[PDB]
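[1] Give me a 3D structure for the following:
(6 chains)
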Amino acid sequence: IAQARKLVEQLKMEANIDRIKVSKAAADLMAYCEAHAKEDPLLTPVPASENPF
Amino acid sequence: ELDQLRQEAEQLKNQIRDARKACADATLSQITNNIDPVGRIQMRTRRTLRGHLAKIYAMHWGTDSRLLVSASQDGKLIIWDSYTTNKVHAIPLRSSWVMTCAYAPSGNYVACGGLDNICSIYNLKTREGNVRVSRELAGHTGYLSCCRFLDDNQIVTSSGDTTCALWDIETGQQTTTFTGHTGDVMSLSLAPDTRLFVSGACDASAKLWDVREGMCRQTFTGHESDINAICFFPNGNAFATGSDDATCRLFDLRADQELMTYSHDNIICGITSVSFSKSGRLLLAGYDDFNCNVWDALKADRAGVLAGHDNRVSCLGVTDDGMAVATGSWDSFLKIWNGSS
Amino acid sequence: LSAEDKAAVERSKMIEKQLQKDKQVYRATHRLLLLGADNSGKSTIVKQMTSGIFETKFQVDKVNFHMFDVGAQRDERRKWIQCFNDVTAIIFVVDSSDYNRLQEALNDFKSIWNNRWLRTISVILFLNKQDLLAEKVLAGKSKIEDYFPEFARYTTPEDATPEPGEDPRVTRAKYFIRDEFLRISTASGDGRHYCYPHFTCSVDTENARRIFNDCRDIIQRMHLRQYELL
Amino acid sequence: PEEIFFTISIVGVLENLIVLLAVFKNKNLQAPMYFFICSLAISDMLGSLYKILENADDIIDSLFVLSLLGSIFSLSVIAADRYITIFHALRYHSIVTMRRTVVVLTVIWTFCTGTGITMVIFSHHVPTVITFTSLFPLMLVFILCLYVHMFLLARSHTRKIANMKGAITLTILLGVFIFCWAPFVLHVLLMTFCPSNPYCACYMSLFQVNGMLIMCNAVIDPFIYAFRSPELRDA
Amino acid sequence: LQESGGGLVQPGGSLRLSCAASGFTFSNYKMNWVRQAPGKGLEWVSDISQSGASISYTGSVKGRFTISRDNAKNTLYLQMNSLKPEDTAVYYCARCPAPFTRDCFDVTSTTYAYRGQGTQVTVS
Amino acid sequence: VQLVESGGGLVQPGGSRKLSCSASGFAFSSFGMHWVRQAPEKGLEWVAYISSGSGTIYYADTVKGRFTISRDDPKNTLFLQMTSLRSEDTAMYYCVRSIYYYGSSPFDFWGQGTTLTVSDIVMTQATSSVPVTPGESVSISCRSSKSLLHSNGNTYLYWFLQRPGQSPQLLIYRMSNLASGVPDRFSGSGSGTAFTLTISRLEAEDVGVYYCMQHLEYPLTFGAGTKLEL
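    Numbers count the residues shown, from 1 in each chain, chains lettered A, B, ... in the order given. Below, you will see the structure:
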């Protein structure tokens, strides 16, 4: 009844989003990883002088 | 009519599934078949932070990537100087059962909560010298499971009760209540833009919310059991969830599908805490089998193991400068891991 | 090591000393977890021995005991029962007169006994409202064998030691109600934990002494197992 | 031959080396029982280096007692710790802490070193026999009256749940101690009771044989009193 | 979980309930049968493990109804032979929360996630 | 927060007096405490120290033996014994509060002091006096002998303002960080050996004498002060 109406409204509200292609979505993450690759100490180790651990 | 409403809901769900299937032009695995995999990553426990008396449930870094808060079943929130393994504050808690803790971005406050349905806010920089409770946040009907500061006055909570909340600390009211889930909300991560946030709630469902509007925007249903952790990718256009079904998955807020599925058949144990590195190339996940693993986000290759904990890892966080990664576990220890050159 | 860093080390050492005192107090305390049902009269035993967790404090023979009754929480427990690993024991109070709900009691008890994080945790059964059970069969309008068919082939076990003034049928039924739980307990556990049955009424007050005895027994048995004399 | 016994000595000391490597590297096993285990292992070192000394004549036997006193006081300490844990289970974790453990584990070596250095004071005297032949009696009665009494309760608990696996671990921990150390104290007694018997002379002609045991027991003591904890089994 | 296959039947009749399972790694989960009667709450009925060899019943249906598993078809069954006026209830097909576990906690809870819609079964 | 000191005003050459410093309004047991004196018309001079927990105690070379510092945490009182007094001991003695952890503000509170009458890095503050008019930026320079930087990155330089009749205040600690209630006007910048303090807009409440102090290693020493005369 009321719960069914609420579920229908929630589904209708979330069913109207204009999604984009998945390949572009994954290309965004790979572009981010390529862009910020040199500032990832765990991915690429740093000289021990700078490292405080 | 109940039957008519159910039929309409089924039709809407089928339409949503078809729309989701339509946009899946290519997979991340196919695109990453050419990208260079990362080598075997080893981290070697630079520091070990002893002092808790029982299991560690949660921890949180400061925005300076040097201070560190940790919550344990003892009833303590110890703030550590990670560089010197010192101890700057030892906060005696009111309820021994705490499942979450957080560190305010400004460094002035910390939060903690657990079975007591309260998010306690602690003030760290007082004129009288000691730490004190500034505010107890009241309304929930279930165990608190994750709290994350937005500003020094706004915090967001997640409870076992099918509800997340957005509080105003100076007053003590729920400025907005989120009421979309069916199960128990277990995890909560704030997007870097500080306008949207996500949660997984023990019903194989992950839901992105809008802080201002207060309406559930998306609803992702790719898993098979309870979601135990969630973490925003640094872009703010993705998040990753580990679940009791021993699987991690990557969801994108735009595509509205799952991008990858992190699963080694040898792994039968669940997943308990997930964090990311800075570039997003590394997906660190705690598992119940006494160790954490360093997954590769884009390529989905199990390219690292952090096996130094004698019990189940339960919390895992990475600094804001990407220069340290810390794990706490039910062995009452807190090891600060780092790479070597 | 500058002067201010030296003073910081000094402050950390003082915090460590306070933490060591807290660790003494923490090991000197044995924690429990009171499970049950709405009608189990678990609060009635609490009277003798939005807040989501209650806490009962009691001392017997100068030994600390914490009892955490779970208050304003929902029905599901698959997530917050994980928090009670590394607990000395679990107390499960059962109503013995609601035969139409004893089966649900067993179905909760078996999950509690088989939980992965409760795989080394003993349970102290306090079958409650035995006086209320007495009338149920004495002026018997309801037959147990309807809900439980296997009451036919069962009879009173020899090791039974009832107090004087009991109907043999009353004892045969009561020990059967005692026995399905033990059937559940003995099935699995690999000897790492055991179940301790007790018969409790609202008038019984030795419930603290019984917990004392069973906790001492549990610790004795785990130590004897690691030494392998058991 | 000497070579086989020496190789046995290195084999035995390697076991203590790996046990101490397991300790202080697994950050979870800092309970006093494991510190008493490592105290047993240190006495195994000090007893096996005594055989290695065979490869001054006074130095060749000066440390024979300051080590074999540690390797019995430590065993007694383990037995008393276990008895206190079983029979005072609730009031143990609170009372016996790693502050009294430190003082006990220091004083046990302190008395043994004192006895070793006072051994030379009365070397060719009767107290060097009497005091040393005290050890086997009181530290067999105090290691019987604890382990057997624990058995008498591990059976009273097995009934409610004479056990087959109780005797197989009581007779080992006790008979190994006896059928290793008893011959040496018996010889110590015989160099007071029969310096004239040709049979006793034949017995003393096997001094090397009776030393072989008392320096091989150091590769069974870590095998028994040490590597039986479930946590240390993987380590 | 699209539970269906029941309905009106005369006393002593025969029914075969079906539990349409859709994509949750069917061969790795403990499963149960739970029915709620008018004026009553939920109650566990039967239990079959992932191996199809471990079974458990209540006593009220112990010798009368049988549970079964269909791993290849990803389907659960429940056989009816000897209904009685005490069996008038809606029937729900439940799933254990976590895989590869022997503990199932919240199958009969007021609100649960991994449960079927419900199938009506009435005795006349 | 309030520190008040007590003592005596007249004493004959040779003899002893006992001072006091009663704290009221903060966690005294977690704060290290200092003593700083001031000749009738000269600068400050550090004279003692006791840390939190009463573990580490320092002293000045001028009073190395005849002065005794003490502490009473339950009573919230700080003590200083002064035996065999001399003419160089006629000063106004200040009770100074200090804490040390990551990111603290040492020397944050200064009491109002007590009078007393009797019948090593060197830091200089040349240009003692300089006229000031409101609205113009003023920079006060302070010089040190050794580099005040330490390997951990700190720089250990403190600035104080002593208004015509008040008690000193913490303006900036470690030459860069502002204190709790100081206006945002005040700013400090240095080199390692040379230092300065920048007041952007001189208000009528910014007059007095400015003092620079080092905390790199005990003993702690001050400059001669800089008077900004209206």
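
[2] For the chain, which segments count as helices?
    Looking at chain A here, since you left the chain open. Secondary structure of chain A by DSSP state H: the helices cover A:2-14, A:22-35.

[3] that answer is for a different chain, and I need it for chain B
    In chain B, the helices defined using DSSP H lie at B:2-22, B:28-31.

[4] Check chain F too.
    Counting by DSSP H, chain F contains no helices.

[5] Quick check, the residue in it closest to chain E?
    In chain F, the residue found nearest to chain E is residue F:102; the distance is 41.9 Å by C-beta to the nearest C-beta. In short, each C-beta sits where N, CA and C put it, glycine included.

[6] ok, that residue to chain C distance?
    Distance from residue F:102 to chain C, counting by C-beta to the nearest C-beta, to the nearest Å: 7 Å.

[7] Number of residues surrounding the closest residue to that residue other than its chain neighbours?
    Nearest non-adjacent residue to residue F:102, counting by C-beta to C-beta, 6 or more residues apart in numbering or on different chains: residue B:81, 4.9 Å away. Neighbours of residue B:81 under the rule other C-beta atoms under 10 Å in any protein chain shown: 20.

[8] Residue D:195 now?
    For residue D:195, using other C-beta under 10 Å, the count is 10.

[9] Show me what from chain C comes close to chain F.
    Applying C-beta under 8 Å from any C-beta of the partner chain, we find that chain C lies next to chain F at C:2, C:3, C:4, C:5, C:6, C:7, C:8, C:10, C:11, C:14.

[10] Now do the same contact list for the fourth one.
    The neighbours of residue C:5, taking C-beta atoms under 8 Å, 6 or more residues apart in numbering or on different chains as the test, are B:84, F:152.

[11] So which of the helices of chain A is nearest chain E?
    Closest among these, using C-beta to the nearest C-beta: helix A:2-14, at 10.9 Å.

[12] Check whether that closest one comes near chain B.
    Yes - using C-beta under 8 Å from any C-beta, helix A:2-14 comes into contact with chain B via A:4, A:5, A:7, A:8, A:10, A:11, A:12, A:13, A:14.

[13] State the distance from the spatially most central residue of chain E to chain A.
    Centroid check for chain E by C-alpha atoms, centre = their mean gives residue E:33 as the closest residue, at 2.1 Å. Distance check for residue E:33 against chain A: by C-beta to the nearest C-beta, it reads 24 Å.

[14] same question, residue B:102
    22 Å.

[15] count of residues packed around residue D:111?
    Neighbour tally, residue D:111, other C-beta under 10 Å: 14.

[16] ok but it is inside a strand, no?
    No - assigned with DSSP: H, G, I helix; E, B strand; the rest coil, residue D:111 falls outside any strand and is helix.

[17] closest point of chain A to chain D, which residue?
    Per C-beta to the nearest C-beta, residue A:53 is where chain A lies closest to chain D, at 17.8 Å.

[18] Ignore what I typed, I meant the stretch 1-150 of chain B.
    Counting by C-beta to the nearest C-beta, the stretch 1-150 of chain B gets nearest chain D through residue B:48, at 6.8 Å.

[19] ok, for the residue most central in space within chain F, nearest residue in space, not its chain neighbours?
    Centroid check for chain F by C-alpha atoms, centre = their mean gives residue F:36 as the closest residue, at 5.8 Å. Excluding its sequence neighbours, the residue lying closest to residue F:36 (C-beta to C-beta, 6+ apart) is residue F:94, at 4.6 Å.

[20] And residue F:83, by the same measure?
    residue F:16 (4.1 Å).

[21] Please name the residues that touch that neighbour.
    F:81, F:82, F:83, F:84, F:85.

[22] Can you flag the buried ones in the residues you listed?
    Restricting these to buried positions leaves F:82, F:85, with burial counted as 16 or more other C-beta atoms under 10 Å in any protein chain shown.

[23] Are stretch B:97-113 and chain C in contact anywhere?
    Yes - using C-beta under 8 Å from any C-beta, we find that stretch B:97-113 touches chain C at B:97, B:99.

[24] buried residues in that stretch?
    Neighbour-count burial for stretch B:97-113 [16+ other C-beta under 10 Å]: B:97-105, B:107, B:109-113.

[25] Repeat that for stretch D:157-173.
    Buried, per 16+ other C-beta under 10 Å, within stretch D:157-173: D:158, D:163, D:166, D:169, D:170, D:173.

[26] Is residue C:45 in a helix, a strand, or coil?
    The three-state label given to residue C:45 by three-state DSSP is helix.

[27] That one and chain B, how far apart?
    With C-beta to the nearest C-beta as the criterion, residue C:45 and chain B are 21 Å apart.

[28] how about that residue, what does it touch?
    So residue C:45 contacts C:34, C:93, C:126, C:128, C:200, C:207 (C-beta under 8 Å, 6+ apart).

[29] and what of residue F:141?
    Contacts of residue F:141 (C-beta under 8 Å, 6+ apart): F:125, F:126, F:127, F:194, F:195, F:196.

[30] Over to residue B:317?
    B:59, B:60, B:61, B:275, B:325, B:326.

[31] ok, the residue nearest to the residue of the stretch 1-150 of chain B closest to chain D when sequence neighbours are not counted - contacts?
    Nearest non-adjacent residue to residue B:48, counting by C-beta to C-beta, 6+ apart: residue B:335, 5.2 Å away. Going by C-beta under 8 Å, 6+ apart, residue B:335 touches B:45, B:47, B:48, B:49, B:308, B:309, B:326, B:327, B:328.

[32] burial of residue D:56, as a residue count?
    Residues near residue D:56, counting by other C-beta under 10 Å: 7.

[33] Just the element for it, please.
    For residue D:56, there is no enclosing helix or strand under DSSP states H and E.

[34] Show me what residue of chain C gets nearest to chain A.
    For chain C, C-beta to the nearest C-beta, closest residue to chain A: residue C:5, 13.5 Å.

[35] how about the nearest residue to residue D:211 once chain neighbours are set aside, what does it touch?
    Leaving aside its chain neighbours, residue D:211 sits nearest to residue D:51 (7.0 Å; criterion: C-beta to C-beta, 6+ apart). By C-beta under 8 Å, 6+ apart, the residues touching residue D:51 are D:5, D:6, D:9, D:211, D:215.

[36] who wins for most neighbours among the residues you listed?
    Highest neighbour count within the contacts of residue D:51: residue D:215, with 23 neighbours (other C-beta under 10 Å).

[37] give the contact list for that residue.
    D:5, D:9, D:12, D:47, D:48, D:50, D:51.

[38] What of residue F:54?
    So residue F:54 contacts residue F:71 (C-beta under 8 Å, 6+ apart).

[39] Pull up the gap between the residue nearest the centre of chain C and residue B:111, please.
    For chain C, the residue nearest the mean C-alpha position is residue C:91 (1.5 Å; C-alpha atoms, centre = their mean). From residue C:91 across to residue B:111, the span is 32 Å (C-beta to C-beta, to the nearest Å).

[40] before we move on, what about residue C:77?
    In terms of C-beta to C-beta, residue C:77 sits 25 Å off from residue B:111.

[41] Report the beta-bridge partners for residue E:20.
    Beta-bridge pairing of residue E:20 under DSSP bridges involves residue E:2, residue E:75.

[42] ok, it touching residue E:70?
    No - under the criterion of C-beta atoms under 8 Å, residue E:20 lies out of contact with residue E:70, with a separation of 10.8 Å.

[43] Tell me the residues of chain E that contact chain C?
    Going by C-beta under 8 Å from any C-beta, the residues of chain E near chain C are E:43-44, E:58-60, E:62-63, E:97-98, E:101-106, E:108-112.

[44] right, I mislabeled it, should have said the stretch 51-200 of chain B
    B:51, B:53-55, B:73-74, B:76, B:78, B:81, B:84, B:86-88, B:90, B:95, B:97, B:99, B:114-117, B:138-143, B:160-161, B:183-184, B:186.

[45] which residues does residue B:198 contact?
    When contacts are counted by C-beta under 8 Å, 6+ apart, residue B:198 is found next to B:188, B:189, B:191, B:206, B:207, B:208, B:209, B:230, B:232, B:239.

[46] circling back to that earlier point, want to throw the contacts of residue B:317 into a markdown table with distance to chain A and neighbour count?
    Shown next, in a markdown table, are these (distance: C-beta to the nearest C-beta, whole Å; neighbours: other C-beta atoms under 10 Å in any protein chain shown):
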| residue | distance to chain A | neighbour count |
| --- | --- | --- |
| B:59 | 16 | 26 |
| B:60 | 18 | 24 |
| B:61 | 13 | 21 |
| B:275 | 11 | 22 |
| B:325 | 6 | 26 |
| B:326 | 10 | 25 |
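
[47] Kind regards, and thank you for your time.
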